[PDB]
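Just one chain is shown here, as structure tokens, and it is the form deposited in one PDB entry.
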């Protein structure tokens, strides 16, 4: 729309497949005893590896770039205690057409195993799977950091090796955990063994094993090396040069040749139009300019630092904000403490009885247990809450404004909105999350084309990442109803955003329900990884980049700051619907600017998805049982 430009992907064209490689050998797999219908795939994958060479599962049997005579055609196989005896039978050679994508897939699996194999046969280089660390970045008392790249290798439809590369660093420890704290570093929150890779959370016995304290090795993180301060984010120009360097080094050293940089047509997307009361360039400006929509609100202060009132500068800033919005503000103070037990809960009930909408909490940094308990208790009285750490100087503007912003989203005000005009006037995001054996499936939405309302819905408990079909529809029905309650009508079109892959048929019911109500839709999968890197052929790297790729599949570079490192574009698939890709790309990129609780940095994900993700993250942390009396317009979880 705003400029047809051109970019380099972090892929590289390498040599064509030789006519052998285009004609892999085929072996059929014979097992004794034959495996149960649930152990097939993990077993074929195993035989494929045991046979050695460059071999991959191809259907119900195997395909290899190695002639069968230099393969381990007979052997045995251990899985979950059971023992299977395999034998491979060569069945001639099937040529594969790289154009046909079915056949291209298997060629690409071969390609991947080749790279992995030829990587082993190198030195003196640290390799783990398809990653290789060919240099040293940093060292110290018992630790070193290696530099290298994670690689991948497949086959293009023109029949050539494509090679994906991305510079990466690796943290390696050189001491026993005793030998580690032979110098002053505390207990790492994770420890690994040198006798197995099986780590955990952290005298008679270990005797007979011939294996407590000198047997393991610490799993080193950045928290363990804060005290030593080098960083491992690369500026995008350095990352691109080191990408090319490494893509050539692998070209020769593995005999694949000259790395031809891969190029793609990108498009510059129109700039989004953020509005407070008037136009702003960042959500924090709404504190000076005024909010997009603002009603009469009452905030209350809760101090845990033993201090007395509203900090004056917070008070003024607040009146300035509400002054510019021409909305009436009243500031309350909770004169109570969580240590009074239920007396506290009474105090909260009365605050809310008197119109308080959210609570600002000044406190020293809290233990998560106390932090969580506090939040959850205020939630049970219908009060969302924003915490602001209490050694606080006015000079720390970015910290308190962001708190202020969060507090207001929590009280239910729309601080900013978009002023364009879009194909969908309801955009809803779905994530799953939660740090247990079950998860919460959940959803948040922007209602109105301007994004003039942000609501969450009560999540639902679920076994895995898949959201049950009726759940997907129900949460979606709640967002339509929110639209109905604000616009007095149904939306003509809904933009449905799912975090990650859309598991097979997950939205079948919902889509069918939309048709019946005559609501158009677009389902888009939004992938946070798998997009790779994008570099400008010439000039500078900027946001709003849209890269069409396959059909119904595109990259989208939504955020970039030339101080955070190389950005990582989202990868998006249009799963259902008939809106032109460019239009989805436009609306999603704009939705990225709608987030109210970050004053100075837009989120990589569009607002509905980012909110959804925070929502399920918080429910999973506090529990769902607290949320009955909390208004959906109040974004409690930001």
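Numbering follows the first chain given and starts at 1. For the two forms, the rigid core is made up of the largest set of C-alpha atoms that agree within 1.5 Å on superposition.
This next part talks about the form deposited in another entry, which is not shown.
The one residue among 279, 182, 319, 271 whose Cα position changes by 2 Å or more between the shown form and the other one, with the core held fixed by superposition, is 182. Taking 2 Å as the criterion, residue 579 does not count as shifted between the shown form and the other one: its C-alpha moves by less than this amount when the rigid core is aligned. The Cα position of residue 413 differs by less than 2 Å between the shown form and the other one after fitting on the rigid core. Core-aligned CA deviation for residue 380 between the shown form and the other one: less than 2 Å. Pairwise change in that other deposited form: residue 466 and residue 583 C-alpha atoms lie farther apart than in the shown form, at least 3 Å.
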